Amino acid sequence: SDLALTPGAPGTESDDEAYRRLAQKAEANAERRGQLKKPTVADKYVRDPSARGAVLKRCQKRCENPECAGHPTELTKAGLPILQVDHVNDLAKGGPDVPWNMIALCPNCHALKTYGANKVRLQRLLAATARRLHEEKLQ
Amino acid sequence: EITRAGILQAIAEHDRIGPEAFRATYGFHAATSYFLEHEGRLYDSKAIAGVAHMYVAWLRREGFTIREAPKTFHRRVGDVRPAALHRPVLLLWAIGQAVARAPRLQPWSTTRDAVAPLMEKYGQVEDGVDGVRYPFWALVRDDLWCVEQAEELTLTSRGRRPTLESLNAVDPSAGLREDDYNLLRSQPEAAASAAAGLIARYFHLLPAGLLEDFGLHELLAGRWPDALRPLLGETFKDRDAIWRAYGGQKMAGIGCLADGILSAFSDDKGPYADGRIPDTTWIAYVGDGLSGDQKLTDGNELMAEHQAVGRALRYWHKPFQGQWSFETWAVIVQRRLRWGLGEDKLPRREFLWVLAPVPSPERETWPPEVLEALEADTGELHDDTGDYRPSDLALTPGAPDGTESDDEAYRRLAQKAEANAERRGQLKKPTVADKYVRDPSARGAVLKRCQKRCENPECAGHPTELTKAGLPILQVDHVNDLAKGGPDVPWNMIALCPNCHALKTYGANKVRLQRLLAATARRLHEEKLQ
Amino acid sequence: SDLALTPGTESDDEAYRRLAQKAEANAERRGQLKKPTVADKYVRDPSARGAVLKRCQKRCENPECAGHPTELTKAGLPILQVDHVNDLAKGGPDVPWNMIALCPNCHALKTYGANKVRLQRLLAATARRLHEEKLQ
Amino acid sequence: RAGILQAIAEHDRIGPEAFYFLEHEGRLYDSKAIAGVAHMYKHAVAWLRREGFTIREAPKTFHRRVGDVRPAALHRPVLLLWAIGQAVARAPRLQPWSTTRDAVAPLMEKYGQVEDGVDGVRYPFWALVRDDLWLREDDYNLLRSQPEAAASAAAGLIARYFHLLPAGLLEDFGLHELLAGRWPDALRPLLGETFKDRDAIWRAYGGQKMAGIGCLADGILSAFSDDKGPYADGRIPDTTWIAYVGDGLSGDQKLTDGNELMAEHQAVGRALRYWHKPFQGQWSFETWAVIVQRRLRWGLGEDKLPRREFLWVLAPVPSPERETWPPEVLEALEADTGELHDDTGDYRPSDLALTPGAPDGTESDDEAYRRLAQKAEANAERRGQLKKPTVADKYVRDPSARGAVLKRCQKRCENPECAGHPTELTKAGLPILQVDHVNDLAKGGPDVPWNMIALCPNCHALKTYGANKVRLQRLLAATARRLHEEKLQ
Ligand SMILES: [Zn+2]
Ligand SMILES: [Zn+2]
Ligand SMILES: [Zn+2]
Ligand SMILES: [Zn+2]
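- This entry lists X-ray crystallography as its structure determination method and reports a resolution of 3.1500 Å.

- The record lists the entry's title as "Structure of the Type IV phosphorothioation-dependent restriction endonuclease ScoMcrA".

## Some details on the overall build of chain B
Consideration 1: A tally of regular secondary structure across chain B gives 20 helices and 16 strands.
Consideration 2: The globule rule puts the C-alpha radius of gyration for 530 residues at 24 Å, and the 31 Å found for chain B is more than 25% above it.
Consideration 3: In terms of overall dimensions, chain B has C-alpha extents of about 100 × 45 × 45 Å along its principal axes.

## Digging into the overall build of chain A
Consideration 1: Within chain A, the regular secondary structure consists of five helices and two strands.
Consideration 2: Along chain A, from the amino end to the carboxyl end, the secondary structure elements read α-α-α-β-β-α-α.
Consideration 3: The C-alpha radius of gyration computed for chain A amounts to 15 Å, which stays within 12% of the reference 14 Å derived for 139 residues, consistent with globular compactness.
Consideration 4: Seen through its principal axes, chain A has C-alpha atoms that stretch 45 × 45 × 30 Å.

## Some thoughts on the pattern of salt bridges
Consideration 1: Summed over all chains, the structure comprises 72 salt bridges over all chains.
Consideration 2: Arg118 of chain C is the salt-bridge partner of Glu64 of chain C, the closest N and O atoms lying 2.7 Å from each other. On the criterion of sequence distance, the pair formed by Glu64 of chain C in the loop between α3 (46-55) and β1 (81-84) and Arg118 of chain C in helix α5 (residues 116-133) is long-range, its members being 54 residues apart.
Consideration 3: Sharing partners across several salt bridges, the network here consists of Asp15, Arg41, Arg104 and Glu178 of chain B.

## With respect to unusual backbone geometry
Residues and elements named next belong to chain D.
Consideration 1: In this structure, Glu334 follows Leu333 across a cis peptide bond, with omega equal to 15°.
Consideration 2: Among the structural elements, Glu334 can be located in the loop between α13 (327-332) and α14 (370-384).
Consideration 3: Residue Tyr369 is bonded to the preceding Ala368 through a cis peptide linkage, with omega at 5°.
Consideration 4: You can see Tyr369 is positioned in the loop between α13 and α14.
Consideration 5: Phi is positive for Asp351, which is not a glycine, with a value near 55°.
Consideration 6: In this structure, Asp351 sits in the loop between α13 and α14.
Consideration 7: The residue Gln410 is not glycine, and still its phi comes out positive at about 50°.

## A closer look at the domain arrangement of chain B
Consideration 1: Taken as a whole, chain B is organised into domain 1 (1-69), domain 2 (70-228), domain 3 (229-397) and domain 4 (402-530).
Consideration 2: The C-alpha centroid of domain 4 of chain B is placed 75 Å from the C-alpha centroid of domain 1 of chain B.

## Thoughts on the sheet that holds strand β1 (residues 21-24) of chain D
All names here are of chain D.
Consideration 1: Read from one edge of the open sheet, three strands run β2-β1-β3, paired in antiparallel fashion. A single partner strand is all that each edge strand has here, and the edge strands are β2 (27-30) and β3 (54-56). Across the sheet, the axes of successive neighbouring strands diverge by a mean angle of 40°, strand direction being ignored.
Consideration 2: Pairing geometry for β1 and β2, over four bridges, is antiparallel. Counted as the bridge partner of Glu23 is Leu28 from β2.
Consideration 3: Along the sheet face, helix α2 (residues 31-39) touches β1, β2 and β3 and points at about 75° away from the line of β2.

## Focus on empty space enclosed by the protein
Residue and element names in this part refer to chain D.
Consideration 1: In this model, the second largest cavity occupies a volume close to 50 Å³.
Consideration 2: Around the second largest cavity, the lining residues are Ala159, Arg160, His163, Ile220, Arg270, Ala271, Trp288 and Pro320.
Consideration 3: For the lining of the second largest cavity, the residue count by class is five nonpolar, one polar and two charged.
Consideration 4: When residues of the lining of the second largest cavity are sorted by domain, at least three fall in each of domain 2 (59-187) and domain 3 (188-356).

## Details of the interface of chain B and chain C
Quite often, the size of an interface is put as the accessible area lost when its parts meet.
Consideration 1: The partner chain C presents 20 residues to the 21 residues of chain B that form the contact.
Consideration 2: Per-element accounting of the side of chain B that touches chain C gives the leading share, six residues, to helix α19 (residues 498-506) of chain B.
Consideration 3: Residues belonging to the side of chain B that touches chain C are distributed by class as follows: 11 nonpolar, seven polar and three charged.

## Quick word on the interface of chain A and chain B
Consideration 1: On the side of chain B, 12 residues touch chain A, which itself brings 10 residues to the contact.
Consideration 2: Summing the contributions of chain A and of chain B, the shared interface buries around 980 Å²; its carbon and sulfur component is 63%.
Consideration 3: Applying the counting rule to chain A against chain B returns zero salt bridges.
Consideration 4: The tally of links between chain A and chain B comes to three residue pairs in polar contact.

## Here's the deal with the UniProt feature "binding site: Zn(2+)" (unreviewed entry) in chain A
All names here are of chain A.
Consideration 1: Mapped onto the present numbering, the UniProt feature "binding site: Zn(2+)" (unreviewed entry) falls on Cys63, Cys68, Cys106 and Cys109. Look at the named residues: they lie 47 residues apart in sequence, but the longest C-alpha span between them is just 8.4 Å, so in the fold they bunch up.
Consideration 2: If you trace the backbone, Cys63 turns up in the loop between α3 (49-59) and β1 (84-87).
Consideration 3: With near-sequence residues (within four places) excluded, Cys63 lies in contact with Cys68, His71, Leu83, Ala104, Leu105, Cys106 and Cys109.
Consideration 4: In this fold, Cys68 is placed in the loop between α3 and β1.
Consideration 5: Residues in contact with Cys68, not counting those within four places in the same chain, are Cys63, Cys106 and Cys109.

## What to know about the coordination of the zinc ion (ligand 1)
Consideration 1: Protein ligation of the zinc ion (ligand 1) involves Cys63 of chain A (SG), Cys68 of chain A (SG), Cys106 of chain A (SG) and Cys109 of chain A (SG), the donor distances falling in the range 2.2 to 2.3 Å.
Consideration 2: Around the zinc ion (ligand 1) sit four donor atoms, and with donor-metal-donor angles ranging over 100 to 117° the site reads as tetrahedral.

## Examining a nonpolar patch on the surface
Consideration 1: Side chains of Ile17, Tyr26 and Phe28 of chain B sit close together on the surface and give an oily, nonpolar patch of about 320 Å² of accessible area.
Consideration 2: In this fold, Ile17 of chain B is placed in helix α1 (residues 6-17).

## Quick notes on the coordination of the zinc ion (ligand 2)
All names here are of chain B.
Consideration 1: On the protein side, the zinc ion (ligand 2) has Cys454 (SG), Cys459 (SG), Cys497 (SG) and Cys500 (SG) as donor atoms, found 1.8 to 2.6 Å from it.
Consideration 2: One can describe the site at the zinc ion (ligand 2) as tetrahedral: its four donor atoms subtend angles covering 92 to 126° at the metal.
Consideration 3: Take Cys454: its relative accessible area is 14%, and that puts it in the buried class.

## A look at the pairing of strand β7 (residues 242-245) of chain D
Residue and element names in this part refer to chain D.
Consideration 1: Only one face of β7 is covered, namely the one carrying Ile242 and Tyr244; the face carrying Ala243 and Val245 has none of its residues buried.
Consideration 2: Relative to strand β10 (residues 306-317), β7 runs antiparallel, the two being bridged by four bridges. Bridging across to β10, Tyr244 finds its partner in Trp312.

## Notes on the packing of aromatic side chains
Consideration 1: What the rule picks out here adds up to 21 aromatic pairs over all chains.
Consideration 2: Ring geometry for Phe224 of chain D and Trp275 of chain D: centres 5.0 Å apart, planes at 15°, overall stacked. Taken as a pair, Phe224 of chain D in strand β6 (residues 221-226) and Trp275 of chain D in strand β8 (residues 271-277) lie far apart in primary sequence, 51 residues in all. For the residue pair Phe224 of chain D and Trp275 of chain D, the accessibility class agrees, reading buried in each case.
Consideration 3: Three or more aromatic residues joined by ring pairs make a cluster, and in this case those are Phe265, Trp316, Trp324, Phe326 and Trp329 of chain B.
Consideration 4: Here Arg522 of chain B stacks its cationic end above the ring of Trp491 of chain B, 4.7 Å away from the centre of that ring.

## Some remarks on the side chain of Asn105 of chain C
Consideration 1: Looking at the secondary structure, you find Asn105 of chain C in helix α4 (residues 104-112).
Consideration 2: Judged by relative accessible area, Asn105 of chain C falls into the buried class, the value being 1%.
Consideration 3: Excluding residues that lie within four positions of it along the chain, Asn105 of chain C makes contacts with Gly461, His462, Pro463, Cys497, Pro498 and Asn499 of chain B together with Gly67 of chain C.

The rules we used
Residues numbered from 1 in each chain as written, not as in the entry; some residues may be left out. Chains lettered and ligands numbered in written order. Part of a larger assembly, values for the part shown. Heavy atoms only, no water. Residues with missing side-chain atoms left out of burial classes, pairs and counts. Helix = DSSP H or I, 4+ residues; strand = E, 2+ residues; numbered from the N terminus. Rg over C-alpha atoms; globule rule 2.2 N^0.38 Å. Salt bridge = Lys/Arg side-chain N within 4 Å of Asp/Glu carboxyl O. Domains from an automatic or database assignment. Pairing = 2+ DSSP bridges. Axes fitted to C-alpha atoms, helices over the stretch in contact; angles between N-to-C directions. Contact = heavy atoms within 4.5 Å. 1 Å grid on protein atoms, 1.4 Å probe; cavity = no way out; pocket = protein on both sides within 12 Å on 5 of 7 lines; lining within 4 Å. Points joined across faces, edges and corners; volume = space filled by probe spheres on them. Nonpolar A, V, L, I, M, F, W, Y, C, P; charged D, E, K, R; others polar. Buried area = accessible area lost by both parts, 1.4 Å probe. Polar contact = N/O pair within 3.5 Å; in protein donor to acceptor, adjacent residues only side chain to side chain. UniProt positions renumbered as here; feature names shortened; annotations may be inferred. Donors = N, O, S within 2.8 Å, 3.2 Å for Na, K, Ca; no water. Tetrahedral: all angles 85-135°; square planar, octahedral: opposite > 155°, others 65-115°. Patch = residues over 30% accessible without salt bridge, like charges linked within 9 Å, V, L, I, M, F, W, Y side chains within 5 Å. Areas by Shrake-Rupley, 256 points an atom, 1.4 Å probe, with all protein chains shown as cover. Buried < 20%, exposed > 50% of the residue type's maximum accessible area, 1.4 Å probe, protein only. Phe/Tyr/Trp six-rings, centres within 6.5 Å; stacked < 30°, edge-to-face > 60°. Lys NZ or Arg CZ within 6 Å of the ring centre and 35° of its normal.

What follows is the structure, given as structure tokens:
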């Protein structure tokens, strides 16, 4: 269900806010990786499906950047939204592979994030809105 | 080979003749990376094994500790930390002895009744005679002490002291390590340094009689901490460079160097932002925990411990695009709690350690403003996180479009600023911290009022481009300096572009402008109240 | 003056050329130092600074300047600072065509503005240009 | 630290066993070791030279020395190659003049293109001694013991001088059984070897840190490309070929140093090593490549000022061996002509994006433009009548047309259905847009402004892999022609 390539209604097993399930597994795995003494580059950089999945169930085909100039709702030829899930705090720089550290962006906002002139401020904004959006789904 | 206990004979001959003559002509003389430790002395492991035949696995099979070259005496004396004045007292006596050319190894009997009075008076233990017994043995596994005829002693039931009975019966000659004794006898700097390290830490409020009762008056009377390194002003490129020279770890800078003395490291992130609380020479140092609400653990814990007893610490600083340097000793004068951002870029509760610089660790050298501020401290946390919210920080971008607060709920901030200001206005004896540390709530208020714009109505013009860190190119500044009595409140403050700020500070018409800004500040303030 | 130290019957203000020439001579001579001391590298040549002051007469040389005051300082100098576009620290030369006069605002823009990089390129260009305008 | 005189004295008294070289009174001493003993009496060398001592270099590795054999010239390498063939076949180390002469003289005539081969052998028979190659003891034993070193050295000589490898080279020389499948197999580094620093590369294979273009210890040319920011590698779009900017730092580049060597390689059609460091990544020797075209273009130097620069168009190849090169490469040479294709004309430093301007000089309106579009058309028409067009002719993008689109769009999406895009610039100060052809060059579309369109990342994604890419292409084709024609009246 949780993978973007499986089109679905969904349920009735799961509401879309049983995202909670995914986020929980992401945490559990993240904690277990965090205590690795010698972490291989695989341990560090291979991306947890469960956390990605969670972001996808959260964002529902939309940019999560609250300052988004706008983005199209047209899908790709393969039937996926024109978005990408990306960490606000890069894994490379120690950030955790969990949904509250990730954010769904359109190509524009992603470019803003990665090499925009105001990359820094935006990272703070996205960090904030990622935690917020995450915590909204727990209550 | 097949040789054990013939080895002890071999060691005894190595002692009798000396290391130089032992390669004469037994041979060897090759460098050895690994040694054999016996009674505080090092011996070349292959050579000893060879001579034992004619009387590594093998030597270790026969019950000898085989060791890598020990860490520096400076480091090891520095590792003597509480888990506790017993160990440093003995050590301090031993140094005093070495300095006075006493013999290296001395019987327990004499050591006992020579140190026991010192142990009573300075180590605040009841039974000094019993007080000496613990470090006399425990200091061996700190690689600082040795006890000949160790085998003959009977150890206590639980743990490892020897019995008082066993020590008195066998009067074993114990002392410092070989190379350490020789170091101390040859280089008096090292003795001065090690003693100065043990004294603050442990005896920073140096009582009279120390240094007399210990052997150390002639050596340190003038000023004890003079022998400490690094010197004020020593400069280093990397944090690693510092680490190579004085130890510790490169982990975020609240930590102890090899000498065991606390060191706090402040790295300037961008330009126009140092740790120094403006108008003052005193430091506002953010605490230790890097991502969430900080706790009294690790460095913060140590900072708190230092605050309670009023012990100084080393304050390192790297200006923006510059090098590190040990720029001043400093003492914890106040500790507060503030909102800031972690490395995860999320708002968080963080400690604000208010440091006052001092010339040395010696309390006699600290100016009266510092002594007064310590006197007034109370050592208790001042929680400013009630007065403002992370939304009010410039570093938390927002719409806000939180239903709850209008941007003109600035009024909330201005109110807290006034409350705090009034409460500071009725302080009878105000410390320089009380006077100059800036209230977040009032700054926060000016930010919400100005909305990324100059408040100077005569502004020639200013850019709407932000900084690299995403803040407007502005500064909040008091119209009436806090130094000259002005209050730390929004109606006394004004947001200015670099140009207007330059006009205010060193323009030809600075004075007239002051008046205009005072007027427009009060006006702008009162506009938001109705 | 040269410098703004005292309030020109001899020199045209565009005998700035004199200053620029000395600056170049000095610069060349410092360029051929084998072992240069930190003093050689960072002490700033009065001549080049003077040239910049003569070149822009109490004004910001940043063509994108949002605006700046014409009030002088208590000491009677303009609220500007002469600054190298290419920092001496990163090899840049101590000469007028590598320098630019900026108001506090534009200087903040150049030093830690969000678009510092692009601006460096604009300033490098307008410095050379302004310099070459005074030679013909 | 002059007390090192005491350390030297003890080295003499006890011997090399007990005690980059340091020369003192005609005797050589291990530099690092003498410094260390002096301490008890890695910045060591400087310390010893700061004291009054002359420091000498270690003897150059056989690999290095055979690599130093360069033209100011096939005599030296012919002899050397014979010598290696002899050593591999277990011939005696020293041989008489008489046999070497009439054994090598035929080789010298056939491969060294000299008339009198007998006389041809005389020059390198003596000149090779002052190249520290004439074989030596240790070299002969190295070759006899380790056949890799023989294969490497021969491959190095074969790479530089005889890259075209004529039939009967490996025998006639002693080398057929040794070089076997492929001669350059013994060359190092291997494709894909990774290094952190540039210094790390230097430690392993020599040359110098300075310059993009330089020779390693083996004497084979190497070009180094360092990606400055993300979303920018050297590769020319829609292909695997490289656009490598030339050598000169700061002003108008010239055929000197690296550019000179590149030109020498272009003329003869010799391959070279292409190193590459992706953004936030490591260096690696990623491909051999051959100069296929060279051009002149406007760019910025380190002084941030516009400048004339060389554009070396590189084609990757599996190895230096010409038999291994795919036909697209082999067609691109010979079509090359080896001559510089120049920039100006259609192409002012702005024009293109990296120089900000008001424009402060009102000489040119932004709606000229028209000058750019015209040049684009001219160039396009000239490319359109190329009978055999190389992949370079087809895919290298005309600056003039790109420039035109930039002047037209003014930092905005030209897709009239744009959902929206930010006006924030990049760190480097350019708009977050890309100029792209509506009708891909790959599918025959022309490299002109009316076939191009400026798009934000979102609209570009829509155009490229959107579900309705096809309809959008029609829309964009229409609006590009429209926007183009609006600027002509
Ligand atoms: Zn977006
Ligand atoms: Zn202003
Ligand atoms: Zn300006
Ligand atoms: Zn668009």
